Amino acid sequence: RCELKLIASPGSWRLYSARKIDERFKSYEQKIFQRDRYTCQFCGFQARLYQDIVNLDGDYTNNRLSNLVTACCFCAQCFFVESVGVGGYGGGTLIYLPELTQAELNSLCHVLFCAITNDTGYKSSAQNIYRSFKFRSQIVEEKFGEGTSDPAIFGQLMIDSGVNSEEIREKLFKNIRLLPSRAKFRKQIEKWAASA
Amino acid sequence: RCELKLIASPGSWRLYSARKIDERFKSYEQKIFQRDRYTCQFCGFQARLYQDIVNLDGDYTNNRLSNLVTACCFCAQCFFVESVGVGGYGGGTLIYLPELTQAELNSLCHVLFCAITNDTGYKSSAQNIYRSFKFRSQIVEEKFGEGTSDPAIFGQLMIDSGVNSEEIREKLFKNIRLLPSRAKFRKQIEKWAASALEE
Ligand SMILES: [Zn+2]
Ligand SMILES: [Zn+2]
């Protein structure tokens, strides 16, 4: 699969949003789901519903097929951390978890949530993990500032303190992951349980 | 819940095993299961099959019901690290995990093996994450000598060194977790993944 990184681009979500509503694109997006078999190119989540498309280069003015790839809503919100929670888009909380990368985290969240709605006895051991990962939101606060566990604030943090190198910006924010909220995605989860 | 902690007791397994094969224990063995609702008191795993009963305080000359708690076999083998692999009991490999407790790693392994047994489209994700933890085994051997990722060797080594107290225990076991091997538990894993369907 491809690579995942927390990105806080300034005015890029405007283009990602304006493109998704632009009906010239609603024919391109039907191609992009099929060329990738409706599978997220980051964690592998495969579902016929509620899939998004993100640019790998970050520039949403270029639209060549080699750039647009499929991504679930858990991974799509990683390209716009500054907007996760703005006007209803996305939902989650930043946590400190070195043991898992971002892709392994999201693909694990799909298994947990699916094993929570489809209560199979494993709903117990699943909630005792999701809340356990949600507990790391305090550690992110004792390391960057009050309320910086909210992705809307942290997005403006890494935007204010401008760091251009994808190397220092990496070592600084190392071991910080975006844990997608179970509540803000209740509709996608339950509809994925049926469509199976 | 309670507090899960890796323990290298001197010979409590020879007592823990000798009790499990006793008829006087099997009588009220059901009461502890009925009390804790067939749920592990360390990682919250619920199942009506292949559950263990351990003593909290590590002493097996005390058997009051207020001490015997229900523990899944993942957490149960953490009270006998020196026996993991001895006599065919349990299985696993010690790894150096930074910020993740044992009770969280155990409950995490349940979810991964349920995605390996019932390959509903998450087997690659479940295997790749499990192999990410089975790699931290070398970090342990780089801090205690060769072959110390094996819990039967690492366990007996620290028994041969005089580790008797409790606060020394927490120091030498700090940020060390016992990752149960999926191969050594396939029988109980499939039994769980099958009897854990919807309705
Ligand atoms: Zn994804
Ligand atoms: Zn347990």
Original post:
For region A:144-195, with the dipole built from +1 on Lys and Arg beta-carbon atoms and -1 on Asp and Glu ones, taken about the Cα centre, which of A:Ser149, A:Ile189, A:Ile159 lies farthest toward the positive end?
Top reply: A:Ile189
Original post:
Taking Cα centroids, how far is region B:45-108 from region A:129-196 in Å?
Top reply: 32 Å
Original post:
Taking the Cα centre of the protein assembly as shown as the origin, how large is its charge dipole in debye, to the nearest 20, when only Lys and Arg (+1) and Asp and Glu (-1) carry charge on their Cβ atoms?
Top reply: 1100 debye
Subject >> Most mobile listed residue (B:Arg131, B:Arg182, B:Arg24) in chain B, GNM with C-alpha springs under 10 Å >> reply: B:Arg24
Original post:
Out of residues 5 or more away from A:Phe80 or on other chains, whose amide H comes under 5 Å of its own, with H placed 1.01 Å from N in the peptide plane?
Top reply: A:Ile7
Original post:
Under the Karplus relation 6.51 cos²θ - 1.76 cosθ + 1.60, θ = phi - 60°, what is the ordered set of whole-Hz ³J(HN,Hα) values for region B:41-47, x standing for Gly and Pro?
Top reply: 7, 10, 10, x, 7, 10, 6
**OP:** Set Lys and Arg Cβ to +1 and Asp and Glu Cβ to -1, take the dipole of the protein assembly as shown about its Cα centre, and tell me which of B:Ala71, B:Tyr122, A:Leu94 lies farthest positive.
**Re:** B:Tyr122
Original post:
Does chain B come out rounded, prolate or oblate, given a ≥ b ≥ c as the square roots of the eigenvalues of its C-alpha gyration tensor, rounded meaning a/c under 1.5 and, failing that, prolate meaning a/b above b/c?
Top reply: oblate
Original post:
For region A:13-81, with only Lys/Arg (+1) and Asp/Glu (-1) charged at the beta-carbon, what is the dipole magnitude about the Cα centre, in debye rounded to 20?
Top reply: 200 debye
Subject >> For the protein assembly as shown, calculated [θ]222 nm from helices alone, where every DSSP H run of n ≥ 4 adds -39500 (n - 2.57) >> reply: -12000 deg cm²/dmol
Original post:
Which of B:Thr120, B:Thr101 comes first, and how do the rest follow, when ranked by fewest Cβ neighbours within 10 Å?
Top reply: B:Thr120, B:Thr101
**OP:** Name the residue, out of A:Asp52, A:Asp150, A:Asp36, whose mean-square fluctuation peaks in a Gaussian network model built on chain A with Cα pairs under 10 Å.
**Re:** A:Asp36
**OP:** Using only alpha carbon pairs under 8 Å that are at least six residues apart, calculate the relative contact order of chain B and give it in whole percent.
**Re:** 26 percent
Subject >> Choice from B:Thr70, B:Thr148, B:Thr61 showing the highest fluctuation, given a GNM over chain B with Cα pairs closer than 10 Å >> reply: B:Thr61
Original post:
Considering amide H positions built from the backbone, and no H for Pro or chain starts, which residues 5 or more places from A:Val54, or on another chain, come under 5 Å of its amide H?
Top reply: A:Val69, A:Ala71
**OP:** Using the Karplus curve 6.51 cos²θ - 1.76 cosθ + 1.60 with θ = phi - 60°, work out ³J(HN,Hα) for each residue of region A:110-118 in order, rounded to whole Hz, and write x for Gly and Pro.
**Re:** 4, 5, 5, 4, 4, 7, 9, 5, 6
Subject >> Averaged over B:79-89, number of beta-carbon atoms from partner chains that fall within 10 Å >> reply: 0
Original post:
Where the only charges are on Cβ atoms (+1 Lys, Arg; -1 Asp, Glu), what is the dipole of chain B about its Cα centre, to the nearest 20 debye?
Top reply: 420 debye
Original post:
Peptide A:117-127: average number of partner chain Cβ atoms within 10 Å per residue?
Top reply: 6
Subject >> Sorted by Cβ neighbour density within 10 Å, fewest at the top, the residues B:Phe113, B:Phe80 >> reply: B:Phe113, B:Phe80
Subject >> Peptide A:106-112, shielding by other chains (average Cβ, 10 Å cutoff) >> reply: 5
Original post:
Tell me, what ³J(HN,Hα) does each residue in region B:71-87 have, in order and in whole Hz, if you take phi through Karplus 6.51 cos²θ - 1.76 cosθ + 1.60 with θ = phi - 60° and put x for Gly and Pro?
Top reply: 9, 5, 4, 5, 6, 5, 6, 7, 7, 9, 5, 5, 9, 4, x, 8, x
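With ideal geometry, Cβ positions are generated from the backbone for all residues, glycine too; neighbour counts draw on all protein chains shown. FYI, it's all coordinate maths here, none of it is from the lab.
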